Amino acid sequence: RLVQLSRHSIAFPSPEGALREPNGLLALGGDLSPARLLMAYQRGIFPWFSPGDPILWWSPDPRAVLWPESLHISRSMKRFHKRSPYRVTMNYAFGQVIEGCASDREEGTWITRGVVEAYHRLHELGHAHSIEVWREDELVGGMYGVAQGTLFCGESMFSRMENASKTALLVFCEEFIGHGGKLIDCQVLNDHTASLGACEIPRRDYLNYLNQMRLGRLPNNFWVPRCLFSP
């Protein structure tokens, strides 16, 4: 029952109508305007499409997700992290992180210049945030996403140095949990997310979770740029 968004309205169809195959494809067209996106993440919808294609909106079923508590950290990583060679900051360099994500010529191929601006825009308005991983003064990895109350919608992550990506995710989760963070939406499950504790749950439930958590809150300063981890 695919819907064709217009320049006019900013309203999305109901997730229930999403197609089974491809999984969750709900609507195409529209723009990546703050109001539109912010409206979409609020309803459990998210944009994803390959360069050259029109904007595609999804709300897959089942929905991959990560319980902060359940993050799985190997014994080796913990040893590594006990004596971590990195530093971790919050919203210190959103632009660089989303850039490194597009860099990786794979999962980040969809992150096009326009995609980068739409999200940078959210970060600038206080909704899209990033976790940066440093080695010296160099940014070696990180991750960004869109906060939805006590729920965090992961957008992507990148790594240019062994375990940088896990450090960011690791430390994020700790800060997140210690302050009220309830969930992490991973959208679609994959080997990486799976090897981390991401698990599927019915769309029907993710929407319940979403509706509840989007009205919750963390300390005011929680998303204020700062240092999260440093030896």
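In this text, residue numbers run from 1 along the sequence as written.
> Considering only other entries where residues before and after it are modelled, is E138 without coordinates in at least a third?
No, none of the compared structures omit it.
> Taking only the other compared entries that model residues on either side of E107, decide whether it is unmodelled in at least a third of them.
Counting only entries that model residues on both sides, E107 is unresolved in at least a third of them.
> Which wins on mean Cα temperature factor, 101-109 or 140-148?
The deposited B-factors put 101-109 ahead on the C-alpha mean.
> For the listed residues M161, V88, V115, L122, which one has the largest C-alpha B-factor as given in the deposited model?
By C-alpha B-factor in the record, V88 ranks first.
> Taking the values straight from the PDB record, which of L38, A27, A64, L32 has the highest C-alpha temperature factor?
Within the set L38, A27, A64, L32, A27 shows the top C-alpha B-factor.
> Compare the C-alpha B factor of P60 with those of the other modelled residues in its chain, then answer lowest, middle or highest third.
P60: CA B-factor falls in the middle third of its chain.
> Once the chain's modelled residues are ordered by C-alpha B factor and cut into thirds, is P47 in the lowest, middle or highest one?
Answer is lowest: the recorded C-alpha B-factor places it there.
> Could you tell me which third, lowest, middle or highest, the C-alpha B-factor of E69 occupies within its chain?
Its C-alpha B-factor, which the entry lists for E69, ranks in the highest third among residues of this chain.
> Which third, lowest, middle or highest, does the C-alpha temperature factor of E174 belong to within its own chain?
It falls in the bottom third of the chain.
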